[PDB]
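Contents: one structure, followed by commentary.
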Number of protein chains: 2
Amino acid sequence: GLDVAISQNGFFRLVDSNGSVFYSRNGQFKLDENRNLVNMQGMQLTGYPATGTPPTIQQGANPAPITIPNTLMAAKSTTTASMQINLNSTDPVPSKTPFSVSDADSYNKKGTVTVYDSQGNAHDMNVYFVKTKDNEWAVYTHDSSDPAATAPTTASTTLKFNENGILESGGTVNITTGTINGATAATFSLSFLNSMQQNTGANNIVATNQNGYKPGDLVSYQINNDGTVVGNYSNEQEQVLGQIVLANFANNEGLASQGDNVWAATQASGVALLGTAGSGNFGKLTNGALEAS
Amino acid sequence: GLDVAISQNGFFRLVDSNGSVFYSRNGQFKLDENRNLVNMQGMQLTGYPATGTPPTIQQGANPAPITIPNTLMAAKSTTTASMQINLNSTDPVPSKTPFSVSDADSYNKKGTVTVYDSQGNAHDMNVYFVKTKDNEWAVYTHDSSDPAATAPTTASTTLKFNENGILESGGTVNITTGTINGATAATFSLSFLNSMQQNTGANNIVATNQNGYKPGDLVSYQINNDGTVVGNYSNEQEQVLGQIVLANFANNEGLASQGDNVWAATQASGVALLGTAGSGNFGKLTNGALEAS
């Protein structure tokens with residue numbers, strides 16, 4: 001049961017099953033089976049919808065019943081990843097050829113970045129650096145999570161460093177994962193931005209990142225103090241679901257009582273003028289609410 | 001990446017890693033780290049294994065995952081060799097005695113045949129012909145590749161020719177090589193079949209042969225149009241590795257779609273009836289494939 005209060009002026013904007021619009025400062029709502037937020041009389045709380053991916057609020061749409069779906073948040077397939085490596089200029093060119101993922105002396109360094117496909121399976125992508133000549137390093141990649149993968153035989157790219165050790169070419173390359181449990185592979189741009197070749201040191205990965213994630217179950221939802229409604233999911237991600245609209249009238253004394261501190265607009269009240277908590281005419285909600293699903 | 005897809009009837013027969021059997025006309029295979037030919041879901045193409053030495057495909061075989069091992073093809077120790085020589089009846093009996101591999105006027109002719117031991121070392125076998133009297137020629141042999149081998153002071157055989165110059169006796173003799181780098185010697189039958197004594201000419205070796213060879217690294221592999229899978233090795237030899245099986249059903253409409261273009265047998269389809277491309281129920285593969293290692 002959500003309890004949300006208006007600190008200063010304004011009313012929540014509600015609708016009944018016929019679409020007639022009403023107003024109330026009562027902030028007692030329960031999530032019903034249709035995933036709407038409803039007061040004790042069944043009227044639905046309204047606000048701006050969220051659309052797109054990532055979802056965003058459309059403040060120019062007509063207000064409609066807020067929904068808090070329990071639909072899982074879809075996996076996002078990785079399309080970018082990065083690895084920042086410091087490579088040692090004094091490293092040997094490996095004598096053991098060819099390169100093999102199972103031959104630890106056929107490469108100079110292995111790193112790993114875990115990426116995700118459209119279905120949300122993890123692919124632990126191993127990245128191998130093989131010094132070929134002064135200042136140049138072949139890069140192989142391999143999906144270690146794919147039990148039916150091919151052995152890489154050809155470098156994905158070659159990093160070339162200038163005399164000061166700054167990466168001058170070969171720093172971005174398109175990688176495709178293996179196909180796990182039928183799912184279509186992730187295809188992503190792998191960047192080695194900020195990698196350098198040190199005059200001396202040991203091969204070391206300083207940072208990695210990637211922009212995908214697994215699917216998430218709804219763990220909790222919340223109303224922020226500006227009325228934005230946000231879902232929190234089990235994949236450590238969030239999605240905006242909508243934003244509560246508030247209403248003010250030129251004359252509150254003209255509003256028609258429906259009982260149960262619900263009100264209707266009249267000629268005497270003027271038209272409802274709409275906005276959001278914490279902007280323009282309206283103070284923030286006193287707090288908002290956070291509720292486990 | 002191999003491509004042998006099927007516009008005809010017959011299905012390839014695949015297994016998942018649990019041994020469950022599936023069928024598909026899709027012929028897109030990759031050679032994975034496990035050395036199986038897999039489709040995009042990681043299912044393994046199956047067929048008859050190769051057995052024996054030389055490896056062959058039997059009619060009694062259970063289909064199993066095709067393998068294309070990267071393992072070396074083993075050397076074959078030589079067990080036969082031949083040298084066909086035309087010897088000159090007017091040749092002198094050498095006056096310089098004794099016979100010595102180092103004294104070029106102590107023999108009438110020298111030839112060479114390179115044989116192999118089971119490790120694959122080459123032994124350069126020198127063969128010396130010394131006319132002893134009318135129509136008889138002593139033959140000495142020596143492994144020039146073994147520094148510890150005793151100098152030949154006794155003939156390995158004596159060739160005797162009849163009045164027409166046809167070989168009458170002494171034409172077949174077992175030879176044992178020396179040893180190289182701690183490996184066991186080769187033992188082979190040396191044949192002088194088709195050697196002749198000409199009324200007049202110069203001593204001349206027309207042909208040699210032997211049946212051994214060095215070890216070979218895998219260079220390429222191929223699928224022939226009858227589905228036989230063959231490895232090609234750097235010793236200029238080949239090995240059969242297996243033979244892809246095809247399946248047909250009494251009722252294809254009865255097969256259970258597994259997604260993609262993969263199918264499972266059912267009571268409605270009947271049991272799979274197996275064979276090979278280019279025989280019985282099945283026409284040849286449209287082409288086959290050839291891939292470098």
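Order determines the names: the first chain of the structure tokens is A, the second B, and so forth; residues in each chain are numbered 1 upward, and ligands are numbered 1 upward as they are shown.
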Residues of chain A within 12 Å of chain B, counting only C-alpha atoms, as a PyMOL selection string: chain A and resi 98+100-102+142-144+146-154+177-185
message: With only C-alpha atoms as the counted atoms, please give the residues lying no more than 12 Å from stretch 269-271 of chain B, apart from itself and same-chain residues fewer than 6 positions off, as a ChimeraX atom specification.
response: /B:21-23,247-257,263
query: DSSP says strand (DSSP E or B) for which residues of stretch 107-164 of chain B? Put them as an MDAnalysis selection string?
result: chainID B and resid 109:116 122:133 136:143 157:161
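Atom to atom, atom CA of residue B:173 and atom CA of residue B:190 stand 5.4 Å apart.
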task: Do a neighbour search on residue B:226 at 10 Å with only C-alpha atoms, toss out local chain neighbours closer than 4 positions, and write the hits as number ranges by chain.
output: B: 243-245, 276-279, 282-288
Would you mind exporting the chosen residues as a JSON list (two decimals), in the first residue's frame, restricted to N, CA, C and O atoms?
```json
[["chain", "number", "residue", "atom", "x", "y", "z"],
["B", 243, "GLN", "N", 32.68, -40.70, -42.27],
["B", 243, "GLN", "CA", 31.76, -40.49, -43.40],
["B", 243, "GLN", "C", 30.40, -40.08, -42.90],
["B", 243, "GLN", "O", 29.75, -40.82, -42.14],
["B", 244, "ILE", "N", 29.95, -38.91, -43.32],
["B", 244, "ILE", "CA", 28.72, -38.30, -42.88],
["B", 244, "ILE", "C", 27.57, -39.24, -43.29],
["B", 244, "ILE", "O", 27.60, -39.83, -44.37],
["B", 245, "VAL", "N", 26.61, -39.39, -42.40],
["B", 245, "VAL", "CA", 25.40, -40.19, -42.72],
["B", 245, "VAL", "C", 24.25, -39.31, -43.03],
["B", 245, "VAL", "O", 24.12, -38.23, -42.45],
["B", 276, "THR", "N", 24.21, -43.24, -47.05],
["B", 276, "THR", "CA", 25.20, -42.23, -47.44],
["B", 276, "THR", "C", 24.86, -41.58, -48.76],
["B", 276, "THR", "O", 24.21, -42.18, -49.63],
["B", 277, "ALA", "N", 25.29, -40.32, -48.88],
["B", 277, "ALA", "CA", 25.19, -39.56, -50.12],
["B", 277, "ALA", "C", 25.86, -40.30, -51.27],
["B", 277, "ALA", "O", 27.04, -40.70, -51.18],
["B", 278, "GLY", "N", 25.11, -40.46, -52.35],
["B", 278, "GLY", "CA", 25.59, -41.10, -53.57],
["B", 278, "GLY", "C", 25.31, -42.58, -53.66],
["B", 278, "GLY", "O", 25.78, -43.26, -54.57],
["B", 279, "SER", "N", 24.54, -43.09, -52.70],
["B", 279, "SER", "CA", 24.21, -44.52, -52.63],
["B", 279, "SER", "C", 22.74, -44.69, -52.23],
["B", 279, "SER", "O", 22.17, -43.85, -51.54],
["B", 282, "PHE", "N", 19.94, -41.94, -51.38],
["B", 282, "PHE", "CA", 20.46, -40.59, -51.41],
["B", 282, "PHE", "C", 21.40, -40.29, -52.58],
["B", 282, "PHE", "O", 22.34, -41.02, -52.86],
["B", 283, "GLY", "N", 21.14, -39.16, -53.22],
["B", 283, "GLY", "CA", 22.04, -38.62, -54.19],
["B", 283, "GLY", "C", 23.21, -37.98, -53.48],
["B", 283, "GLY", "O", 23.19, -37.75, -52.26],
["B", 284, "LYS", "N", 24.22, -37.67, -54.27],
["B", 284, "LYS", "CA", 25.43, -37.02, -53.78],
["B", 284, "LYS", "C", 25.15, -35.65, -53.18],
["B", 284, "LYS", "O", 24.13, -35.02, -53.43],
["B", 285, "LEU", "N", 26.08, -35.21, -52.33],
["B", 285, "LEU", "CA", 26.10, -33.85, -51.84],
["B", 285, "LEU", "C", 26.32, -33.01, -53.09],
["B", 285, "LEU", "O", 26.90, -33.52, -54.06],
["B", 286, "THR", "N", 25.83, -31.77, -53.09],
["B", 286, "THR", "CA", 25.90, -30.96, -54.31],
["B", 286, "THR", "C", 27.34, -30.71, -54.65],
["B", 286, "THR", "O", 27.67, -30.60, -55.79],
["B", 287, "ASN", "N", 28.21, -30.64, -53.64],
["B", 287, "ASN", "CA", 29.62, -30.39, -53.91],
["B", 287, "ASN", "C", 30.59, -31.01, -52.91],
["B", 287, "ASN", "O", 31.51, -31.75, -53.28],
["B", 288, "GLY", "N", 30.39, -30.70, -51.65],
["B", 288, "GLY", "CA", 31.37, -31.01, -50.63],
["B", 288, "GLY", "C", 32.05, -29.73, -50.21],
["B", 288, "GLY", "O", 31.54, -28.63, -50.50]]
```
task: Give me, please, the distance in Å between atom CA of residue B:155 and atom CA of residue B:78, quoted to one decimal.
output: 21.1 Å
- request: Within 6 Å of residue B:170, counting only C-alpha atoms, which residues show up once you throw out same-chain ones fewer than 4 positions away? Write them as an MDAnalysis selection string, please.
  value: chainID B and resid 157:159
task: Tell me, as a ChimeraX atom specification, which residues lie within 8 Å of stretch 87-97 of chain B, counting only C-alpha atoms; anything in the same chain fewer than 4 positions away does not count.
output: /B:105-108,130-135,195-204
Residue contacts of residue A:24 (6 Å, only C-alpha atoms) excluding same-chain residues fewer than 6 positions away, as a PyMOL selection string: chain A and resi 11-12+262
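Taking atom CA of residue A:163 and atom CA of residue A:175 as the two end points, the separation is 28.1 Å.
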